[PDB]
Every structure is written in structure tokens, then in C-alpha cells.
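Survey of secondary and tertiary structure
As a plain string of letters, each chain reads:
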Amino acid sequence: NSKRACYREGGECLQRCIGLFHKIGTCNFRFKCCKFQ
């Protein structure tokens, strides 16, 4: 699928995801999907 559910991935929603946090997609609204490692 072109897009995936960020909720199923269990990522975090940040208002200003920084480079340190990789971006997987976007959140529900006013938030982006990123992952911390």
C-alpha cells in the first residue's frame, strides 16, 4: 500500500519531528509519524 497506519506501527506523533526521528508517514492531524531508535 502507498500509505500505512502509523497507529499499528506504534510510532510517536511529534508536532515538529526532527531529523533524529525518522519519518514513516503522518499522524491523524497536526502531527507526523516518526520512529525513535
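Residues numbered from 1 in each chain as written, not as in the entry; some residues may be left out. Heavy atoms only, no water.

Method-wise, the PDB entry is recorded as coming from solution NMR.

For this structure, the PDB header gives the title as "Solution structure of the mouse defensin mBD-7". Turning to the protein chain, the UniProt record has this under Function: "Has bactericidal activity." In its Sequence similarities section, UniProt records this for the protein chain: "Belongs to the beta-defensin family. LAP/TAP subfamily." (UniProt positions renumbered as here; feature names shortened; annotations may be inferred.)

**A few points about the state of the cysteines**
By the definition in use, this model includes three disulfides. Sulfur-sulfur distance for the disulfide between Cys13 and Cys27 comes to 2.0 Å. The S-S bond linking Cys13 to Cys27 shows a torsion near -110 degrees; that makes this disulfide left-handed. Here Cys13 is found in strand 1 (residues 12–14), whereas its partner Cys27 is found in the loop between strand 2 (22–26) and strand 3 (32–35), with 14 residues between them in sequence. (Disulfide = S-S within 2.5 Å. Helix = DSSP H or I, 4+ residues; strand = E, 2+ residues; numbered from the N terminus.)

**Here's the deal with a nonpolar patch on the surface**
A cluster of nonpolar side chains, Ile18, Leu20 and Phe36, forms an exposed patch at the surface whose accessible area comes to about 350 Å². Residue placement: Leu20 occurs in the loop between strand 1 and strand 2. What makes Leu20 exposed here is its relative accessible area of 51%. (Patch = residues over 30% accessible without salt bridge, like charges linked within 9 Å, V, L, I, M, F, W, Y side chains within 5 Å. Areas by Shrake-Rupley, 256 points an atom, 1.4 Å probe, with all protein chains shown as cover. Salt bridge = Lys/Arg side-chain N within 4 Å of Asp/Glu carboxyl O. Buried < 20%, exposed > 50% of the residue type's maximum accessible area, 1.4 Å probe, protein only.)

**A short note on the environment of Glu12**
Along the chain, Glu12 falls in strand 1. When sequence neighbours within four positions are dropped, the list of residues in contact with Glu12 reads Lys32, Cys33, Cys34 and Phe36. (Contact = heavy atoms within 4.5 Å.)

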